[PDB]
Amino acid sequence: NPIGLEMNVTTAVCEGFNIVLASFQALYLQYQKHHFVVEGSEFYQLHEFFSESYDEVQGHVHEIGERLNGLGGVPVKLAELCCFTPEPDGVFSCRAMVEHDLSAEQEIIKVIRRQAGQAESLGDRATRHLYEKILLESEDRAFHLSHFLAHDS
């Protein structure tokens, strides 16, 4: 390790980095599928939102991956280590599309929080910090999805 962190903590943080990376990759490809297949009266809204969300989540991926390899691990079984349940096959309701996306982001929020706690416990600040950086934007995306799901028109 080339930053002075003990092996102890680098393994433990790369562990969670691969969990969140697999989950974020699943989220990215599912948002991509949604961007592809949405139709209906509000489709355009969703058409853009999904495209703005996957372009967002992959960002997460890359820097996790870039810093994951940085700490001495190997970035990602993408099916094994993913924290949430991926979308089944076929095109669903647009409403269930955003419901699935909602819950996926919620569970990745949770594991990101736990990993930030672990990184803080053992004295590696930057990882905790970056987890917080992603956490704010993913919470924001959850806000916007639930706004999509509100019973109003």
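Throughout, we count residues from 1 along the sequence that is shown.
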{"property": "Unmodelled deposited residues flanked by residue 76 on one side and residue 77 on the other", "result": "4 to 9"}
{"property": "Mean C-alpha temperature factor, higher of 86-94 and 52-60", "result": "86-94"}
{"property": "Higher-B stretch (mean Cα B-factor, as the entry records it), 6-14 or 136-144", "result": "6-14"}
{"property": "Within-chain third of residue 117 by Cα B-factor, per the entry", "result": "middle"}
{"property": "For residue 68, the third of its chain into which the C-alpha B factor falls", "result": "highest"}
{"property": "Ranked against its chain, the third holding the CA B-factor of residue 37", "result": "lowest"}
{"property": "Position of residue 130 among the chain's modelled residues by C-alpha B-factor, lowest, middle or highest third", "result": "lowest"}
{"property": "Ranked C-alpha temperature factor of residue 22 among modelled chain residues, by third", "result": "lowest"}
